[PDB]
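Protein chains in written order, with the deposited numbering: chain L9, 12 to 93; chain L8, 3 to 95; chain LD, 2 to 58; chain LP, 1 to 136. Notes follow once the structure below has been shown.
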RNA sequence: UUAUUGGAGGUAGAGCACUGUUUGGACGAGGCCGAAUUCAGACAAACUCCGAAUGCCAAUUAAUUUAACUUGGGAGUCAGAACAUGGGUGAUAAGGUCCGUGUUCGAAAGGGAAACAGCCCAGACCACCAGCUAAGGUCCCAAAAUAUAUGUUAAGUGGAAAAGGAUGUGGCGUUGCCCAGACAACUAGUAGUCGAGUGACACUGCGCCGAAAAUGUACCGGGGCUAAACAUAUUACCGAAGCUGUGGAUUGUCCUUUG
RNA sequence: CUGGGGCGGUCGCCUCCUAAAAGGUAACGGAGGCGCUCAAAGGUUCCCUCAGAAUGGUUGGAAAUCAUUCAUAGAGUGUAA
RNA sequence: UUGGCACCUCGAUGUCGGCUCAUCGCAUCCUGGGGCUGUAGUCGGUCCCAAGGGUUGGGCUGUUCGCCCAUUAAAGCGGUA
RNA sequence: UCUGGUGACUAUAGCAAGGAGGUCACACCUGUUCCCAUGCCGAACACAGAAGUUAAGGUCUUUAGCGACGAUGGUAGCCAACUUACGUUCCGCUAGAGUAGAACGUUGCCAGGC
Ligand SMILES: [Mg+2]
Ligand SMILES: [Mg+2]
Ligand SMILES: [Mg+2]
Ligand SMILES: [Mg+2]
Ligand SMILES: [Mg+2]
Ligand SMILES: [Mg+2]
Ligand SMILES: [Mg+2]
Ligand SMILES: [Mg+2]
Ligand SMILES: [Mg+2]
Ligand SMILES: [Mg+2]
Ligand SMILES: [Mg+2]
Ligand SMILES: [Mg+2]
Ligand SMILES: [Mg+2]
Ligand SMILES: [Mg+2]
Ligand SMILES: [Mg+2]
Ligand SMILES: [Mg+2]
Ligand SMILES: [Mg+2]
Ligand SMILES: [Mg+2]
Ligand SMILES: [Mg+2]
């Protein structure tokens, strides 16, 4: 029956949905979103262009592949061929 | 001088510890003039490797033929039972 | 090159994937049977839903 | 009363008290060691109260170290309040021992003396202990 | 769902190269105790040069089974609970509270756990004085072995507690004392005379004490047990509304030669 | 809102951790910010590489410029992570 | 005892002290039996086994508790809504 | 084959040391009238040139001492199963991190001249 101290913070942000939005192998279309981040965790490759610091999105038709070309960097390409 | 082992038949299961209750110890061999053969030496004679030179030395084992002039490379000494498991061998060539 | 499966233990009280595998072999209630051709697609399923089934030959 | 000087954040979790020991279970410094075998905490005041009882039987002779410096804080909410408004302040420090890791290493002594003095400080600790000497 | 391949991400673990915390050795940095670095060690939810088990999205992939989705009428729920594990809070306190993830109850009757929504087996369409089996058991109340073989304990441990204490008792290992004769016991102040074991350690199973609460024995369910207890294996048998045998029920599929 | 209520503190957005290697995921659990600023701190074309550690050199902050050498990012990015 | 949790009771489970009347544990206050004393004896300290029986009259405050007076072989600690 | 230009290969390729040469090809320098320009100075950028030099850059051959890659065996963790309230065992799959065996002083496409 004693007056307990006041908390200070609580107070979380909401969320953002991150991570992969398509996966290795399937068939995508020329506006769709591959991957998105608050930075650059995956560089783009051929036929994939960046957005405003986010949302690696495929230029044209095809299927997707993930790939590395340095020792740490990773990239995404789409080949329209089939 | 005094060692012997059997070429431990590979792909053993996780019942490897109920033969460690008897005083065995698994081991492998390396070396220039060999290929990696898992052996099963019994540690009852491993009060008799201190009794030749100590730690650094040479003692042969004879797993069939080709008693390798070897040297004790490393332990895996797990306490709380005061025992040694998985010692290793290394030829000198 | 044949296997016949028999469901011996029951299916309630087992988690949601193993209860969902055991109809894909075709078993439907206990003490049933089904005869299946041997296939490495089959003998991966009965590894998962082992400790229930009794097989032979 | 060994304390950390600086601590990043003053209110932290409690360590996962399972498993084996990380390492540090081979003695390196003294000839004679004392390791543990059961899984409690030690609360930064045993570790000096096992140091003063250790020193006086040897009359400050040979070298004696410790090996367990407490890093983690732990908080006790004040005298009889209802549950939940935030964590309480710290009151001590702690370092969790796993089974099978060395507490004390002593040197500069015969065997028959130091084996007594480790026993006399093994009753000041909330753990079960066992004598040991330089795995060779 | 499963095998195959290809992938996303940084937990458990590990580690000190990174920001930070550390105890030890030599290392310089005034005129008798201290000021950068180096060696050997440690710690971490907001520390990672590393980094799995599993899950997760996709193969125009192959095997097995039965769903899935679009539209349109009709709702009900928005007071959950206990177990098993990963966690925060709490005091590694609760039949506590709060999330993840499974099961069962809720909405599920039977058999076992002495009785006992949440634990252990298993899902009741109804009949019969039929057989096998699951979980738990087999001297009696009460269906079934006073079964077989190896051992163990002497306390009712089984049939509720730790730190510690101790020539309890077994299978285990190492080692130093030895008919030249110790360790028991005699007589000397140099130590003589007695004829089969004695100490240290090291690891383990089973015990004992530590053990005090309130109508009446009083946690075995009771009688009672030195095997009717524990460990180790091998054999039958009982054991449910499970599954079979069989009679008729209602609905569906397929033959449809309407069975 | 509330581990019954008034009292104290909170009420929306942003960033971590808890969160259990996809996403998601609570608590009166742990830490921090914002309710703008910039006519150039926006666009383009070229070119350059850092904070420090030494080593000496009018002034000496221990360190306000100058060179030389070893510097993989140990600096910087208008604002908290 | 002071709390923590909200599981039963709000279509009522009457709540502190005291009188009446008990009943039960032993971690024992007296009495019975011992060990040990830094026990000369008489007294006294400390510990073990022991529930069969005993456990006081007054002033003060609603009191519980408490202090104080005069005794007694002693003025025990608790459970029983 | 070798020297140069442009590609791919996770630094196995690079730094750290040491020895070898020529400039037929890169450099080093000779200058600033012009092309252009240093918040200054043609050191750099550009331009004009070829007497010198292999010391330097780059090239080539050794050295595993610096980093880097790295197997077989183990041990911790762990999906599934069993037993149990123990900071648990036991059985069946996947399987690291550190540490050792070591491999390693690059590889290969296409051009123009030998
Ligand atoms: Mg960890
Ligand atoms: Mg954690
Ligand atoms: Mg709980
Ligand atoms: Mg849940
Ligand atoms: Mg259900
Ligand atoms: Mg019953
Ligand atoms: Mg009866
Ligand atoms: Mg029928
Ligand atoms: Mg309140
Ligand atoms: Mg996540
Ligand atoms: Mg209470
Ligand atoms: Mg509740
Ligand atoms: Mg009502
Ligand atoms: Mg009523
Ligand atoms: Mg009333
Ligand atoms: Mg008594
Ligand atoms: Mg009485
Ligand atoms: Mg009066
Ligand atoms: Mg010039």
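C-beta: ideal position from N, C-alpha, C; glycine also.
The Cβ atoms of residue 39 (chain LP) and residue 18 (chain LP) lie closer than 9 Å to each other. Within the segment 10-79 of chain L8, not a single complete alpha helix (DSSP H) segment reaches 4 residues in length.
Between the beta-carbon of residue 89 (chain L8) and that of residue 72 (chain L8) there is about 10 Å, and that puts the pair past the 8 Å contact cut. Measuring C-alpha to C-alpha distances from residue 25 (chain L8) to each of 56 (chain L8), 53 (chain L8), 95 (chain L8), 47 (chain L8) identifies 47 (chain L8) as the nearest. Only 99, 100 from the segment 79-104 of chain LP bring a Cβ to less than 8 Å from some Cβ of chain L8. Within chain LP, the residues placing a beta-carbon under 9 Å from that of residue 79 (chain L8) are 26, 135, ordered along the chain. Taking 9 Å as the CB threshold, residue 22 (chain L8) stays off the interface with chain LP. For residue 74 (chain LP), the number of other beta carbons within 10 angstroms of its own is at least 16, and it is reported as buried. Residue pairing for residue 55 (chain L9): DSSP places it in a beta bridge opposite 87 (chain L9). 62 (chain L9) is the residue among 57 (chain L9), 20 (chain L9), 62 (chain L9) whose C-alpha sits nearest the C-alpha of residue 51 (chain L9). The alpha-carbon of residue 83 (chain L9) is positioned some 20 Å away from that of residue 29 (chain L9).
The straight-line gap separating the alpha-carbon atoms of residue 34 (chain LP) and residue 77 (chain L8) is approximately 22 Å. In the DSSP annotation of this structure, the continuous segment of the alpha helix (DSSP H) that includes residue 45 (chain LD) starts and ends at 43-49. Counting the other CB atoms within 10 Å of its CB gives residue 46 (chain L9) a total of 16 or more, which places it among the buried residues. Between the segment 14-22 of chain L9 and the segment 77-86 of chain LP there are three or more C-beta pairs closer than 8 Å, enough to call the two in contact. Selection around ligand 2 by beta-carbon proximity, strictly under 7 Å to any non-hydrogen atom, yields 13 (chain LP), 16 (chain LP) in chain order.
In the three-state DSSP reduction, residue 113 (chain LP) falls in the helix class (H, G or I). Proximity of the segment 94-101 of chain LP to the segment 39-56 of chain LP meets the contact definition, three or more beta-carbon pairs being nearer than 8 Å. About 7 Å separates the beta carbon of residue 105 (chain LP) from that of residue 67 (chain LP), a gap short enough to meet the 8 Å contact definition. Restricting attention to beta strand (DSSP E) runs no shorter than 3 residues, the segment 3-58 of chain LD encloses them at 3-7, 34-38, ordered along the chain. Three or more Cβ pairs closer than 8 Å define a contact, and the segment 6-14 of chain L8 falls short of that threshold against the segment 73-80 of chain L9.
The beta carbon of residue 57 (chain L8) sits closer than 9 Å to some beta carbon of chain LP. Taken in chain order, the members of the segment 35-63 of chain LP whose beta-carbon sits within less than 8 Å of a beta-carbon on chain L8 are 35, 37.
Annotated as distal: residue 132 (chain LP) and residue 58 (chain LP), with beta-carbon spacing of 9 Å or more. Going by DSSP, residue 66 (chain LP) is part of the beta strand (DSSP E) stretching over 64-66.
In this structure, the alpha-carbon of residue 126 (chain LP) lies about 53 Å from that of residue 95 (chain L8). Taking the Cα positions, residue 9 (chain LP) is about 29 Å away from residue 50 (chain LP).
Under the Cβ distance rule, residue 127 (chain LP) does not count among the residues neighbouring chain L8, no pair being separated by less than 9 Å. Our two residues, residue 19 (chain LD) and residue 8 (chain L8), have alpha carbons roughly 43 Å apart in a direct line. Distance from the CA of residue 62 (chain LP) to the CA of residue 66 (chain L8), rounded to the nearest whole angstrom, comes to 52 Å. Counting along the chain, residue 135 (chain LP) sits inside no beta strand (DSSP E), nor does DSSP assign it H or E at all. For residue 46 (chain LP), the secondary structure class from DSSP, reduced to helix, strand or coil, is helix. Shown here for residue 21 (chain LP): same chain residues with a beta carbon closer than 6 Å to its own, the five before and five after excluded, namely 98, 100, 101 in chain order. In the structure shown, residue 119 (chain LP) adopts helical secondary structure according to DSSP, grouped into three states.
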